[PDB]
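In the form deposited in one PDB entry, a lone chain appears below as structure tokens.
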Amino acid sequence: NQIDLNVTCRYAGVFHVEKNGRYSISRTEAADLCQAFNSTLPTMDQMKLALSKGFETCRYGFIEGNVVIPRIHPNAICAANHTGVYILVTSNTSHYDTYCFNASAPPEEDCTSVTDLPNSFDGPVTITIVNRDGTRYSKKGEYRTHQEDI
């Protein structure tokens, strides 16, 4: 019973979380997952400020109200070569990665590693935070409050 959560640098408190190395998070699960990091789904304004500080990914993820990819450098295989906060318009499917926003993080680029999952609750799952540099933090718990996400 294990879940891997790959996380990034934070930019103005905004970071990306990928579950189990594939697009696998529902919108309800995303809100619960950010809550386990004492975080919330970013607003569009918070994501645009993060982009301006250097944030970009090549993966779709939830924010409040939309599914997006922040892009700085045009790349043909990331958001169809667009720059800015690219918004997903048409998709058949419901599961993506997520973005989270931690208001207590540093104001600009914070590329230190994540070493805690502070607000997870008691549960049976081994949850492992995987940083881009490979460093890991694991703890037994749960963060999903909706049965359909388990």
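In this text, the rigid core denotes the largest set of C-alpha atoms whose superposition between the two forms falls within 1.5 Å. Residue positions are given as counts along the sequence shown, with the first one as 1.
When the other structures are laid on the shown form by the rigid core, the stretch among 58 to 66 and 91 to 99 with the greater C-alpha deviation in 9 other deposited structures of this protein turns out to be 91 to 99.
Note on 82 to 90 and 46 to 54: with rigid core alignment, C-alpha atoms in 9 other deposited structures of this protein sit farther from this form for 82 to 90. Looking at mean Cα B-factors across 116 to 124 and 50 to 58, the upper value is held by 116 to 124. For the two regions 39 to 47 and 79 to 87, the entry's Cα B-factors average higher over 79 to 87. Highest C-alpha temperature factor among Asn66, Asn102, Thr93, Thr28, as the PDB entry reports it: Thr28. For the set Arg136, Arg132, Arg22, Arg10, the maximum C-alpha B-factor listed in the entry falls on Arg22.
Below, we refer to the form deposited with a small molecule bound, which is not included among the displayed structures.
Looking at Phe37, you'd find a heavy atom of it within 4.5 angstroms of the small molecule in the entry with it bound. The closest non-hydrogen atom of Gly65 lies beyond 4.5 Å of the small molecule in the entry with it bound.
Although the partner is absent here, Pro118 lies within 4.5 Å of the small molecule in the entry with it bound, judged by heavy atoms. In the entry with it bound, the small molecule lies within 4.5 Å of some heavy atom of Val114.
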